[PDB]
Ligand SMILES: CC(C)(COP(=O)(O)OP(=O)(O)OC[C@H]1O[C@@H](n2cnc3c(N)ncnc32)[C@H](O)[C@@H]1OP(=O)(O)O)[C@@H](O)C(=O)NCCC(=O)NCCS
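Taking the form solved without the named molecule, here's one chain by itself in structure tokens.
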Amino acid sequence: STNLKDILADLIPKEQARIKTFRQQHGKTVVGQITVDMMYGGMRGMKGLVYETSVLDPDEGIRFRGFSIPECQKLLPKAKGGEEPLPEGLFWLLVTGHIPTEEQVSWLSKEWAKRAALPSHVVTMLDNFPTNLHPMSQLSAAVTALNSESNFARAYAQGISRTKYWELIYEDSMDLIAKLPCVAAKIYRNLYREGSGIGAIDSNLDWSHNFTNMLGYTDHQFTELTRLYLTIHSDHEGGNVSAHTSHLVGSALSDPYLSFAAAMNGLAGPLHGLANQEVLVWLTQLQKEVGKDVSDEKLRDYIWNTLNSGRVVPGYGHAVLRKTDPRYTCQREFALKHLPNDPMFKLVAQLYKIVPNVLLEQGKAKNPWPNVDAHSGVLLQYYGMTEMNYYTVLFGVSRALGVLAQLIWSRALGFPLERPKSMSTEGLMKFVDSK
């Protein structure tokens, strides 16, 4: 009723039968072809894996178990007095496929606050990391080191039924999620607040608020942003590098700690994890050059110049997104409400109205709309989080929610080891001369 573990135990047999029915009906059905190009092209547009938690709706953007961001914004419980969905409630939705009640989100906050304690060796490790070790590497290493607490690692050697794997994955996942804000905040403080203490977890606060307390922030609106930020970056299908990495490492029966730590290594990749930062570096450089009261005309000209130099507008480059990423839009609406006077926000909204058209005029993408990362950096900066090296850590804490929700389900459903076939160029040249 209130215990997520017992609700999930009741959901797992129905989903297992659903899948078994579909495989028994359609197992041998061909869903696509693999070309030589796809093998060289990083499996692009190859249906490679099953991932239950989120799906890209090609018009309406990401869907969390069927719910769009606007629907989640509407339906998910909020803090007392807040407007922004609690990430707890998003996690519940991912795991259960159902919208939580306020009582379920509240139980989940309490459960995460009670598991949040870090082992001493991790605190020590973190306190001893130098300033030149990037925050993401500190997060990954710390998470790896947390695997000393893994319930799941012990039990496989002990011969626990496969049928029970999901239960230990759940425990480990709940423990990791609870601990991630303490790790993330200790890294923040060590790097940027002279190693002062993160203080104490409040057993009665939601996860985002405990997290902002620990970072050393005391600004209701930043906590509101953080709630929204963690909700919306939580999951984006299974194909992206951080989700795929967690799924791949997870399929070897590595515990949630090792899976996530691997996934963060992947998120730290500058083709996955650095866009927030590149957009902000660009905006800062732009505003300083052209001043904060630049005209549309002069802005449009600057953009035309950048494009004709063979250069991209960072944060504008879409997939199949026939509209603006709803992840952008909810950040925009947030900004419109709470920081409409901010100069850099004003530059962001001005580009929004100008750049799509310029991109359509040019021979480029048929989608010229902005991704989530075009708006994220200006909001964080506004609330005093100016340490751009740390931005991807926030993304990472968010993504824990999606990849761990899916990891529980991968084990509950008994997905096997991910083990595709590779070929060399020489092999593939022969393979095609034959047949």
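Don't overthink the numbering: it's just position in the shown sequence, from 1. Take the two forms, find the largest set of C-alpha atoms that superpose within 1.5 Å, and that set is the rigid core.
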Mean C-alpha temperature factor, higher of 138-146 and 286-294: 286-294
Which has higher Cα B-factors on average according to the PDB entry: 167-175 or 111-119? 111-119
Say you rank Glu426, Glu15, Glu418, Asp10 by Cα B-factor from the PDB entry; which sits at the top? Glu426
Using the entry's values, work out which of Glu361, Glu224, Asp255, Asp206 has the largest Cα B factor. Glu361
Thinking about Cα B factors across the chain, which third does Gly273 belong to? highest
Which third of the chain holds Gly41 when residues are ordered by C-alpha B factor: lowest, middle or highest? lowest
Among the modelled residues of its chain, does the C-alpha B-factor of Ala365 lie in the lowest, middle or highest third? highest
Among the modelled residues of this chain, does the Cα B factor of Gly402 put it in the lowest, middle or highest third? lowest
Sort the modelled residues of this chain by their C-alpha B factor and say whether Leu380 lands in the lowest, middle or highest third. lowest
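Only in words, not in the display: the form deposited with the named molecule bound, which the text now covers.
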Residue stretch of 286-294, 78-86, 194-202, 269-277 approaching the named molecule in the entry with it bound, non-hydrogen atom distance within 4.5 Å: 269-277
Single option in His338, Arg115, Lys164, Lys364 placed near the named molecule in the entry with it bound, where near means a heavy atom within 4.5 Å: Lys364
Partner-contacting position among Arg300, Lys346, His318, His220 - heavy atom within 4.5 Å of the named molecule in the entry with it bound: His318
My question is simply whether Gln381 lines the interface with the named molecule in the entry with it bound - judged by any non-hydrogen atom within 4.5 Å. no
Does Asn371 reach the named molecule in the entry with it bound, with heavy atoms at most 4.5 Å apart? yes
Classify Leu359 as contacting or not contacting the named molecule in the entry with it bound by the rule of any non-hydrogen atom within 4.5 angstroms, answering yes or no. yes
Answer yes if any heavy atom of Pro326 is within 4.5 Å of a heavy atom of the named molecule in the entry with it bound; otherwise answer no. no
If you look in the entry with it bound, which residues in 33-53 sit within 4.5 Å of the named molecule (heavy atoms)? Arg44
Position with Cα shift of 2 Å or more, rigid core superposed between this form and the one not shown, options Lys288, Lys74, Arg162, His98: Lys288
Superposing on the rigid core, is the Cα displacement of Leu307 between this form and the one not shown 2 Å or more? yes
Does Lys366 shift between this form and the one not shown by 2 angstroms or more at the C-alpha, the core having been superposed? yes
After superposing the rigid core, is the C-alpha displacement of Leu126 2 Å or more between this form and the one not shown? no
